[PDB]
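A.B. asks: Residue numbers (the deposited numbering), protein chains in the order written: chain d, 17 to 75; chain C, 259 to 387; chain c, 64 to 98, 107 to 123, 130 to 195.
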Amino acid sequence: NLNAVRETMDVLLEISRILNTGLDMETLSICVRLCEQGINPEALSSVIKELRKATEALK
Amino acid sequence: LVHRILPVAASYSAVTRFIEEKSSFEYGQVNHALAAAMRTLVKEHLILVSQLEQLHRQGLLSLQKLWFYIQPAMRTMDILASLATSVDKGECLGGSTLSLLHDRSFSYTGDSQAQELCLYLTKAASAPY
Amino acid sequence: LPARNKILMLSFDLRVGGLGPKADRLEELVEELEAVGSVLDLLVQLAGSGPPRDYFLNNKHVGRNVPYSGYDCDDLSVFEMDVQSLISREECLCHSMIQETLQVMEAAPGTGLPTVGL
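This is the structure:
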């Protein structure tokens, strides 16, 4: 199963790349560790959409 | 008034001669980043001159306006004509220049026009060290 | 509403805009994604809000054998878009290179140096 979770982490990368999400590998690793707890993803939407917004507000 | 504007070019002549000499290896590996942060400042001067050229073609650059423009930049360019002529004189490399340039931000701590340049120049000269 | 169905609904939207084999790879992916589920529900809310040749396409002179498919000769016009996207990138570059430096050759004075702002 330890080999399987690595393969499922690598198959998970492409659908976060081709859907034009805000995630790359690091945010994927953070968010996959957060989702294993049981945290609601509809709330994580806003914290990612605001981390990417607040830097553009400074420029 | 020309004699008041004329020290700018004299405080430019021994700044390009800083860039085109202090880029050499022999002056050390601190004079490299020293003269890549005195190269940036000469590019800033080149930006100013271009804007003023666009003004002058429309009959809209005159001696008074130019004199107003350059007066903040005689606390910018003339400062470069002093550090260049103290670091080059004698043999100053590495840490000896960097003490001499920590000595020259306590000779500019009340102007604030020159002080920003001193802080930038010694923030670039501290990087290889 | 399942998890693997939500990837299929966007496979369709892949297939609308061309790119057949990309959707054909996606459907090879959906059988192993569910024969982690809470991540893809995060992927649909970020779907399109993020930050922004080949010798096997229209050639038939390679291969140990080729299937014979007759004349088509109306995909040679979308082999010109295959080049047109390249040369329209290399002219958009030249528009954003003349702009960023004519904006510094011409501006109000005192805005190209913040030390003159003091």
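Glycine included, each C-beta is placed from N, C-alpha and C at the ideal position.
Measure from the alpha carbon of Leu-304 of chain C to the alpha carbon of each residue in C:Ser-365, C:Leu-359 and C:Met-335, then state which is nearest.
C.D. replies: Checking every option, the nearest Cα to that of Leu-304 of chain C belongs to C:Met-335.
A.B. asks: Could you confirm whether any beta carbon from chain c is found closer than 8 Å to the beta carbon of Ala-331 of chain C?
C.D. replies: yes
A.B. asks: When you compare the region 371 to 383 of chain C with the region 76 to 83 of chain c, are there three or more beta-carbon pairs, one atom per stretch, that lie closer than 8 Å?
C.D. replies: no
A.B. asks: Could you tell me the boundaries of the alpha helix (DSSP H) in which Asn-135 of chain c lies?
C.D. replies: It is not in any alpha helix (DSSP H) - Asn-135 of chain c carries neither H nor E in the DSSP assignment.
A.B. asks: Provide the residue span of the alpha helix (DSSP H) that contains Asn-68 of chain c, from first to last.
C.D. replies: 67 to 79
A.B. asks: What are the start and end residues of the alpha helix (DSSP H) that includes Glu-279 of chain C?
C.D. replies: 265 to 280
A.B. asks: Residues of the region 21 to 38 of chain d with a CB closer than 9 Å to any CB of chain c: list them in chain order, please.
C.D. replies: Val-21, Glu-23, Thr-24, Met-25, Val-27, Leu-28, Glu-30, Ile-31, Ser-32, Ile-34, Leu-35, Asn-36, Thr-37 and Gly-38
A.B. asks: At the 8 Å Cβ level, is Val-48 of chain d part of the contact set with chain c, yes or no?
C.D. replies: yes
A.B. asks: Using a C-beta to C-beta distance shorter than 8 Å, which residues of chain c count as neighbours of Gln-322 of chain C?
C.D. replies: Those within 8 Å of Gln-322 of chain C in chain c number zero; the least Cβ separation is about 13 Å.
A.B. asks: Would you identify the three-state DSSP class for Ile-55 of chain d, choosing helix, strand or coil?
C.D. replies: coil
A.B. asks: Assign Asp-159 of chain c to one of three DSSP states: helix, strand, or coil.
C.D. replies: helix
A.B. asks: I want to see whether chain C comes within less than 8 Å of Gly-80 of chain c, judged by CB atoms only; does it?
C.D. replies: With its beta carbon at least 8 Å from every one in chain C, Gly-80 of chain c lies outside the interface.
A.B. asks: Inspect the beta-carbon positions of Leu-96 of chain c and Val-48 of chain d and report whether they are closer than 8 Å.
C.D. replies: no
A.B. asks: Relative to the alpha-carbon of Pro-123 of chain c, which residue among d:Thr-71, d:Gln-53 and d:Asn-36 has its alpha-carbon at the smallest distance?
C.D. replies: Out of d:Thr-71, d:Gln-53 and d:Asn-36, d:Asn-36 has the C-alpha closest to the C-alpha of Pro-123 of chain c.
A.B. asks: Got a sec, what are the start and stop residues for the alpha helix (DSSP H) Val-110 of chain c sits in?
C.D. replies: Here the alpha helix (DSSP H) through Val-110 of chain c covers 108 to 114.
A.B. asks: Hey, quick one: how far does the alpha helix (DSSP H) through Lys-85 of chain c stretch, first residue to last?
C.D. replies: 83 to 96
A.B. asks: Is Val-273 of chain C closer than 8 Å to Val-307 of chain C when the C-beta atoms are compared?
C.D. replies: no
A.B. asks: Would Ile-64 of chain d pass as a contact of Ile-70 of chain c if the rule is Cβ separation under 8 Å?
C.D. replies: No; because the gap between Cβ atoms is not below 8 Å, this pair is not in contact.
A.B. asks: Along the chain, where does the alpha helix (DSSP H) containing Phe-326 of chain C start, and where does it finish?
C.D. replies: Unbroken alpha helix (DSSP H) run through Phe-326 of chain C: 321 to 328.
A.B. asks: What is the DSSP secondary structure of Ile-175 of chain c, counted as helix, strand or coil?
C.D. replies: helix
A.B. asks: Can you find the residues in the same chain that come closer than 7 Å, C-beta to C-beta, to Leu-338 of chain C, ignoring five residues on each side of it along the sequence?
C.D. replies: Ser-269, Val-273, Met-296 and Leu-299
A.B. asks: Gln-116 of chain c and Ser-61 of chain d: beta carbons closer than 8 Å?
C.D. replies: yes
A.B. asks: Which residues in the same chain have their Cβ closer than 6 Å to the Cβ of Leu-39 of chain d, if we skip the five residues on either side of it in sequence?
C.D. replies: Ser-32
A.B. asks: Output yes or no for whether 8 Å exceeds the beta carbon distance between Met-182 of chain c and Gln-312 of chain C.
C.D. replies: Yes, Cβ-Cβ distance for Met-182 of chain c and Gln-312 of chain C is below 8 Å.
A.B. asks: With a threshold of 16 other CB atoms inside 10 Å of the CB of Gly-108 of chain c, please say whether the residue is buried or exposed.
C.D. replies: exposed
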